[PDB]
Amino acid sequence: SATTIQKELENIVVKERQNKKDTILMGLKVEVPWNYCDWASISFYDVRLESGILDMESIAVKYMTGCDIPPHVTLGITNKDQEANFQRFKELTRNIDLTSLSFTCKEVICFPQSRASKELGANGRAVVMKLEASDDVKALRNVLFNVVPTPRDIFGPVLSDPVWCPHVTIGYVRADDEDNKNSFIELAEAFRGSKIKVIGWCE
């Protein structure tokens, strides 16, 4: 059970996310086997079409744009002042062939609604394809965090240790329409077992 301090620390984590703007994405641009038309029967949640969003610039809702998402696997998100360190890391890894890296689609997961987005007026949940990452990807991410200071992930209770869930987000849907959510998951489940190829760094 969480303590008083832990509960207070969670509020700080959520607010920190809400306050975050202008961060940089350290991720791998990938090619996926699914297309928009595969989800033609699905209704997506796009904050750009919604009202009551209290801060469109917050990274907690800014990227909740239906299925209009560039296919990518996030390694980490950090502050803009780390841009130089990240650029230096890309140069340090210039000899690494990122296109040799591969992920395997395992299971379709609908992440829980982030409290940071909900408090900013969002009503969406992310449907993602959980990926199996090779040791090369895991090592690449660890060394990235060694060269480029990156906020520690805290997706759960503040006391828990983060378990990286490599994933390619497919689309956001309303958190209050189960039929739509389940139909989406079913359709996305058809792509399980597919292999995703890395093209390079997200730019």
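Residue numbers here begin at 1 and follow the sequence given.
Look at the mean CA B-factor for 86-94 and for 119-127 in the entry; the higher one is 86-94. For the pair 46-54 and 144-152, the mean B factor over Cα atoms is greater in 46-54. Among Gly66, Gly27, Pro166, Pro162, the highest C-alpha B-factor recorded in the PDB entry belongs to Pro162. Sort the chain's modelled residues by C-alpha temperature factor and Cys37 lands in the middle third, per the entry.
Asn182: CA B factor in the middle third of modelled residues in this chain (values from the PDB entry). In this PDB entry, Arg17 carries a Cα temperature factor that places it within the lowest third of its chain's modelled residues. For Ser114, the recorded CA B-factor ranks within the middle third of the chain. Only modelled residues enter the ranking. Per the PDB record, residue ranking by Cα B-factor puts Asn79 in the middle third of the chain.
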